[PDB]
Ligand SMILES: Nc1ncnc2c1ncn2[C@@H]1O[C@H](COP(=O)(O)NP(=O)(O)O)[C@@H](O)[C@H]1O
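The chain below stands alone and is given as structure tokens, in the form solved without the named molecule.
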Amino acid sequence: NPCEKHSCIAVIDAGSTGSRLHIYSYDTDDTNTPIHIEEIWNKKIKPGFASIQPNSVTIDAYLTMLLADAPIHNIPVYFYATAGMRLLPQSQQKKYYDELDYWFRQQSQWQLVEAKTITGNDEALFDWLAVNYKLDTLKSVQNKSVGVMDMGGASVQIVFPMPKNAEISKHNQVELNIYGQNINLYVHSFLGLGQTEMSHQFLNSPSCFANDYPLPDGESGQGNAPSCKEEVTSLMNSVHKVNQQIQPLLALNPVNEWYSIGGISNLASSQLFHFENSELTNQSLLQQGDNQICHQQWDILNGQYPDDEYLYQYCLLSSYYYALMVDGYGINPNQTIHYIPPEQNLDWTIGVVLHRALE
């Protein structure tokens, strides 16, 4: 038991399709920042916390199931819900936290520090911290601007270095002091551009599905990644104005290197795709998606990759990631995007180890 000799905390990522408990051990350096962060337990249950009934019987069973079988007890716990909960009226969110806080108060082997819905901005901050901890770029001043994108189930985040600026909302900027240095980041998140929210507007678009895929309106897929990508661009830009919001900032604050986590890692490392060195370009992503998925017959594809649960959306997702990065964020279609290998299955929770404040 490492928690007898090292600091440990638990961080629960309560996301849209489940809740994932992580337990991290670590030490602290002379700037009192965490170092030697190690994950010693990782367990996910379904479904998403915001999707269960907010009553004591249900929440109690859910929390019990999540915290069952934990090898370590008697540590602090941070329960951070993200977009799944952000989608609910705040008076509904309150019932959940009331019930969960109550559950924690009537037991004494987990010490609940905080249970709340974090903003997409806090979540972007954590995204940027987790990736840069892994790349070991936090301890020393960086010459290169590292940008991070999180392609999540229920929101997407973008975050990159930017100097303190009086003309951008203060909720989109974070200044942090970590390892002795000051880092100033622009943070942004989008709910309606999450994969779930975005997909629910295109399920009847034939260009976004493999040929003969049955669309819910009774028509057939006729997959065409560029056509699908143009349609998704209308959501990005005519509706959400991502281009107007994000392209001026990246032009004034260039990113030297892009890293991504979330669904993009999962799609890119699927056997339908061929990428080396855990990196892709948007150009290649769209072309591969169009050739490998959009232009194939659904039943053949489905038969060839069984129990591959988001397969039916791969044509749409290829197109949507392009539309988001290139048409929305303005990123060159030939620029390299690093993705964190999906085996490490990284989420933003390491950022909570590193940074315990919120907005």
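Take the two forms, superpose them, and find the largest set of C-alpha atoms that agree within 1.5 Å; that set is the rigid core. The first residue of the sequence shown is number 1, and the count goes up from there.
- Just going by the entry, 308 to 316 versus 321 to 329 on mean CA temperature factor gives the higher value to 308 to 316.
- Between 125 to 133 and 95 to 103, the higher mean Cα B-factor belongs to 95 to 103.
- Between the residues 188, 229, 86, 139, the entry's highest C-alpha temperature factor is the one at 139.
- Note on 246, 115, 168, 151: the highest value goes to 168, judged by CA B factor as recorded.
- Annotation for residue 257: CA B-factor lies in the highest third of the chain's modelled residues.
- Per the deposited record, the Cα B-factor of residue 264 falls in the highest third when ranked against the other modelled residues of its chain.
- Sort the modelled residues of the chain by CA B factor and residue 351 lands in the lowest third.
- Sort the chain's modelled residues by C-alpha temperature factor and residue 119 lands in the lowest third, per the entry.
- Split the chain's modelled residues into thirds by C-alpha temperature factor. Residue 337 is in the middle one.
The following text describes the form solved in complex with the named molecule, which does not appear among the structures shown.
- Looking at residue 295, you'd find every heavy atom of it more than 4.5 angstroms from the named molecule in the entry with it bound.
- Using a 4.5 angstroms limit between non-hydrogen atoms, residue 266 touches the named molecule in the entry with it bound.
- Mapping the unseen interface onto this chain, residue 46 counts among the residues with a heavy atom inside 4.5 Å of the named molecule in the entry with it bound.
- The closest heavy atom approach of residue 17 to the named molecule in the entry with it bound falls within 4.5 Å.
- Stretch 311 to 319 is the answer when you ask which of 327 to 335, 286 to 294, 311 to 319, 51 to 59 has residues with heavy atoms within 4.5 Å of the named molecule in the entry with it bound.
- Exactly one listed residue, out of 211, 181, 196, 137, brings a non-hydrogen atom to within 4.5 Å of the named molecule in the entry with it bound: 196.
- Comparing the forms between the shown form and the other one, the C-alpha position of residue 307 differs by 2 angstroms or more, with the core used for superposition.
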